[PDB]
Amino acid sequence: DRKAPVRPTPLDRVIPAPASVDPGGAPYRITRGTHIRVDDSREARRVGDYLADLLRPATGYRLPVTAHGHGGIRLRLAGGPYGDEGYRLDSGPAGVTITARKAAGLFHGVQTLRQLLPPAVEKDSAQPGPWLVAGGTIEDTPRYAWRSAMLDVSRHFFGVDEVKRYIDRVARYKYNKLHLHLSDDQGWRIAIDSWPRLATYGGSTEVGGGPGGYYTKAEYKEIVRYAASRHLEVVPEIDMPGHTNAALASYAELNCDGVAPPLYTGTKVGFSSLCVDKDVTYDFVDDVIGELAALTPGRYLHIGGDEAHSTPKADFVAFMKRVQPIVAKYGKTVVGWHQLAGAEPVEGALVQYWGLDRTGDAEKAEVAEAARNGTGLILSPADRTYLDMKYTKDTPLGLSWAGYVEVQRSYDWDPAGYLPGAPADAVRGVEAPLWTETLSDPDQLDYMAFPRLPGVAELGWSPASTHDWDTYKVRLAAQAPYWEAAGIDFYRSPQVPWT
């Protein structure tokens, strides 16, 4: 009876671990007549409809969403100590009420509610239930404001629907940002009107060759819209000056020698570089960032900056000196991989650290120094949160350059004191990147994303005081029947006592 537990799931048994859990009294039971009461606002109803859509299939209930009456499930916006993303969830025979200051908070409360319900809730056909919600109160707020998941659509392209699917996977764990690696050596995935070939030619293939793909502006806007409905702020990335072969292959004039390189379909890195010496390089960058900014309602613009190994340190610094301001010109906050820390980050910038344990002190120091100078830090250690890294030497997909990363290793650490000498207040959050050199379909993304994805979300959301592998693995283990019911393939780590 894994799919239909005899009794309700513990109120504290959710991922991320809630900031505060106070169980008590009897649970609430959703019955055929349960109404979803929301405030009389478009945003409030939006969350209500979202919730209704998640429950209707498995319950087979009407679950109407209205702005009147005393529905058994109440979503209400009101003042309180919950910030822009927190909420309170009260459960008892009198019903379930989720209170928050903003829609995002209600949305997060919903993500908790779906875990409080039984595994059968994931099914697409009417299930017996019962639809119980442990009784008590949960007061929940996030530790970090930057909790993202990155999807590489450059190595292997994933269409709009596949991205929507991944978005739903991450929305389950309260991630609030979706970083999209839109360009690299093997592909350019976003149409740029001023430079048409980037997409038509630069997006013509991918790793392994064959058809590639790219997002027309309409498709990209739909991805942003959908992400926004799941309260994910999209952070687009146009990697530069390295990892730029798709662009270079599309316009010969972008290459220092004026010759266009062949489209790249391999899985190596570091050989490409924009021409720091040419003026057209900066017109190109300005045009791209300008058009990308117009498609980005979010606050950030990621310019990459990683592995520009064919770019002399001096040219890299000069390049970043010149391009960073372009981001602000179009009203956005720049984000770059931590190599940017060695090229003078502008005010307000954030750098994403992707080093690992074996990374040298000098490199870590440069990043910690940037933090000291006001640069925000996003932590995504390659031997910690990279979803493309193999679990063990036997994992069929993924890479292993950063070693092997089992479930415990991915979860068992504290962002606050991870980087030596880095001020804890400089840590904006964490990110779980999923590179796709070896992944070409949605099922493979799931296998490499789960079960580590929930863990990184917890690191970004939960209080340090709730962090504990031995108790966390029990909560993680409880997800098995839900994932199985949802058709979400995942790695059955031997380190987890799967339910």
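A residue's number is simply how far along the shown sequence it sits, counting from 1. The term rigid core refers to the maximal set of C-alpha atoms that superpose within 1.5 Å between the two forms.
**Student:** After a rigid core fit, does 251 to 259 or 164 to 172 show more C-alpha displacement in 4 other deposited structures of this protein?
**Tutor:** With the rigid core fitted, 251 to 259 is the stretch that strays more in 4 other deposited structures of this protein.
**Student:** Mean Cα B factor from the PDB record: higher for 130 to 138, or higher for 403 to 411?
**Tutor:** Mean C-alpha B-factor is greater for 130 to 138.
**Student:** Can you tell me which stretch has the higher mean Cα B-factor, 384 to 392 or 319 to 327?
**Tutor:** Higher of the two, by average CA B-factor, is 319 to 327.
**Student:** Among the choices 454, 442, 460, 69, identify the one whose CA B-factor in the record is greatest.
**Tutor:** Among 454, 442, 460, 69, the PDB entry lists the largest C-alpha B-factor for 69.
**Student:** Select one of 79, 212, 429, 305: the residue whose C-alpha shows the highest B-factor in the crystal structure entry.
**Tutor:** Of the options given, 79 has the highest CA B-factor in the PDB entry.
**Student:** Which third, lowest, middle or highest, does the C-alpha temperature factor of residue 271 belong to within its own chain?
**Tutor:** As the PDB entry reports it, the C-alpha B-factor of residue 271 lands in the middle third of its chain.
**Student:** Against its chain's modelled residues, does residue 123's Cα B factor rank lowest, middle or highest third?
**Tutor:** Answer is highest: the recorded C-alpha B-factor places it there.
**Student:** Taking only the Cα B-factors deposited for this chain, tell me whether residue 47 sits in the lowest, middle or highest third.
**Tutor:** Its C-alpha B-factor belongs to the middle third of this chain's values.
**Student:** C-alpha B factor of residue 144, ranked within the chain: lowest, middle or highest third?
**Tutor:** Its C-alpha B-factor belongs to the middle third of this chain's values.
**Student:** Test of reading the entry: by CA B factor among the chain's modelled residues, which third contains residue 103?
**Tutor:** Answer is middle: the recorded C-alpha B-factor places it there.
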